[PDB]
Structures are given as structure tokens and as C-alpha cells.
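See below for the structure under consideration.
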2 protein chains.
Amino acid sequence: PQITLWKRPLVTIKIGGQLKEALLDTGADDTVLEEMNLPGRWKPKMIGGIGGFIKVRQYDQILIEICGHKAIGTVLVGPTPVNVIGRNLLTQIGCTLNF
Amino acid sequence: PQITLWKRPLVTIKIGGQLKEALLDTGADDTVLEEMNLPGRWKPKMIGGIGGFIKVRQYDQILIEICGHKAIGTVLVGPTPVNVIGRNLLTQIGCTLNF
Ligand SMILES: COc1ccc(S(=O)(=O)N(CC(C)C)C[C@@H](O)[C@H](Cc2ccccc2)NC(=O)O[C@H]2CO[C@H]3OCC[C@H]32)cc1
């Protein structure tokens, strides 16, 4: 689809078999989801945003469907204020900015 | 133009008589710029993201040219690590997400 930006670009995602709402976030290099249970192994990592750095669990090679488009990539889980879909997955679903 | 998301979507902007690089950021409600000494009245604001909150100065009706497209709106100024063009201005230049 073509998504205008007068509202937050919130979409439905599926991860771990569960449905969630997430923000399509071109200013995010990485995908960061709120605390949740996900199967498989992870490694602790740190990520920085506008307000400082947080601890996250890094899950590699995770299946995630975004507004009907499948991606498989890295998902960070931790105390983010919002589920954000970053460029690592936006590229996989073929997302571009246009004006 | 069409901007792919392999790399950060940085574009050149003009604000306050200065040229700067800034992110086209669909995940940002508002536009947040690195510290700069703009003239005029402002009011304090707190904005939050990954890592917590930062204090910024809110300037209204600020002229900003984004990749050749003129805009005018609210700009927040503070200790952000990156210049961020948010939805309040992206709508004004006709920017959409497409996949
Ligand atoms: C009210 O107006 C606002 C405007 C902007 C923000 S925000 O900056 O915290 N954020 C919000 C996002 C985390 C929901 C926008 C995100 O795109 C924000 C923009 C940004 C901030 C600091 C350094 C680089 C990029 N991106 C972000 O936090 O991405 C995380 C996750 O991936 C990493 O790449 C960039 C930094 C890391 C908050 C409020």
C-alpha cells in the first residue's frame, strides 16, 4: 500500500505466532519490540535512542509478518516505549519513502 | 524522488539560514533538531523514545526546506544526536511510505 503520514503508520504484525501493533519507523536502524516471550536463543545487547541506552535481548533470524509481507531478521526485545519496525525489516518488505 | 532504506534516509534541509543533514523519520511525531540558537519565542517540552526523555525547546511556525520542498511548522530543538524530520513536516512535502 501507499501510506500517508497524517496519522502514525501503525500496522499489524505477527511474531511468535502472536498478533501485535507496530510502528513503521524509517528513523530506526533496528526493530525493537516491547517485552515479550519469544522462542529460541538470544544474546544481550545495548541500543541507543533519543533518550539514552537500554538493554535488549537480540533474537536473530526471527520470522515476522508485517502488514501481510513476510520478513526474517533480527528483532530486539526490551523496554522500548513503542513496538518499532526498523529499516532492517522495512527493506525486506520492499518499503520506500516517496515524495 | 524515491528513497530506499538500505541506508539511513538522510536529506539536506535548510533551517534558520543553515544547511544540515536530517533523517526522514516516519516514526517521529514531531521534528527534532540538534542544538542550534534559533531566534524567537519558545516553550519547553519533553519528548520520549528509546532510552527515556529529553528536554527540548519548541519553536512554532518555523520555515524549513526539505530536499527542495518548502515547509513551515513546529520544530523542537535540543540535545538530540540526530536531526529528525517528523510527520508534522513530512506530510507537508507529500511524503508517503510505499510497499
Ligand atoms: C514527539 O515527537 C517525537 C519525535 C522523535 C522521537 S524518537 O527519536 O525517540 N523516535 C520515536 C520512536 C522510538 C517511537 C523516532 C525514531 O525514529 C528514532 C529516531 C532516532 C533517535 C536517536 C538516534 C537515531 C535515530 N529512532 C530510534 O530510536 O531507533 C533505535 C532503534 O534503532 C536504532 O537506530 C537508530 C537508533 C536506534 C520521539 C518523539
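Quick note on labels: first sequence line is chain A, next is B, and so on, each numbered from 1.
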Are [X] and [Y] side-chain neighbours, meaning at least one heavy-atom pair lies under 4.5 Å?
X: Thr12(A); Y: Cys67(A); value: no
X: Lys55(A); Y: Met46(A); value: yes
X: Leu38(A); Y: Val77(A); value: yes
X: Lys14(A); Y: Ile66(A); value: no
X: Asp60(B); Y: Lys43(B); value: yes
X: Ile62(B); Y: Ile15(B); value: yes

Test side chain to side chain contact (heavy atoms under 4.5 Å, CB included) on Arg57(A) and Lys45(A) and set out the steps.
-> CA-CA 6 Å; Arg57(A) 315 192 318 263; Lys45(A) 293 293 199 170; over 6 Å; no
Least distance between heavy atoms, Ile93(A) atom then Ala71(A) atom = CG2-CB, 4.5 Å
For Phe99(B) and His69(A), which heavy atoms make the closest approach, and how far apart are they?
-> O-CE1, 3.5 Å
Just do the side chain to side chain contact (heavy atoms under 4.5 Å, CB included) check on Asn98(B) and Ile3(A) with the steps written out, would you?
-> CA-CA 6 Å; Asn98(B) 301 82; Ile3(A) 297 172; over 6 Å; no
Criterion side chain to side chain contact (heavy atoms under 4.5 Å, CB included) on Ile64(B) and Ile72(B), from CA distance to verdict = CA-CA 6 Å; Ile64(B) 183 159; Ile72(B) 176 170; over 6 Å; no
Quick one: do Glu34(B) and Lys20(B) make a salt bridge, cutoff under 4.0 Å?
-> no
Indicate yes or no for a side-chain donor-acceptor contact from [X] to the backbone of [Y] under 3.5 Å, with no hydrogens or angles considered.
X: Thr31(B); Y: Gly86(B); result: yes
X: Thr80(B); Y: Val82(B); result: yes
X: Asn88(B); Y: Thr74(B); result: yes
X: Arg87(A); Y: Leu5(B); result: yes
X: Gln2(A); Y: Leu97(B); result: no
X: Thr26(B); Y: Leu24(A); result: yes
X: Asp25(A); Y: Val84(A); result: no
X: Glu21(A); Y: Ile13(A); result: no

Please check if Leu23(B) and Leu89(B) belong to a single hydrophobic cluster, counting links between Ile, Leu, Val, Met, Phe, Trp and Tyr side chain heavy atoms closer than 4.5 Å.
-> no
In terms of hydrophobic clusters joined by side-chain contacts under 4.5 Å, are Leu90(B) and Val75(B) together?
-> yes
Could you tell me how the ring of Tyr59(A) sits relative to the ring of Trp42(A): parallel (under 30°), tilted (30 to 60°) or perpendicular (over 60°)?
-> tilted
Nearest 0.5 Å please: distance from the CD1 atom of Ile85(B) over to the CD atom of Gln92(B).
-> 10.5 Å
dist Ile47(A):CD1 -> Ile50(B):CD1 (nearest 0.5 Å) comes out at 4.5 Å
State whether the number of non-hydrogen atoms from other residues, nucleotides or ligands found under 6.0 Å of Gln61(A) atom CD is greater than 12.
-> no
Evaluate the side chain to side chain contact (heavy atoms under 4.5 Å, CB included) criterion for residues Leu63(B) and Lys70(B): first the C-alpha distance (whole Å), next the side-chain angles of each, then the deciding distance (0.1 Å), finally the verdict.
-> CA-CA 7 Å; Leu63(B) 307 162; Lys70(B) 295 190 178 58; over 6 Å; no
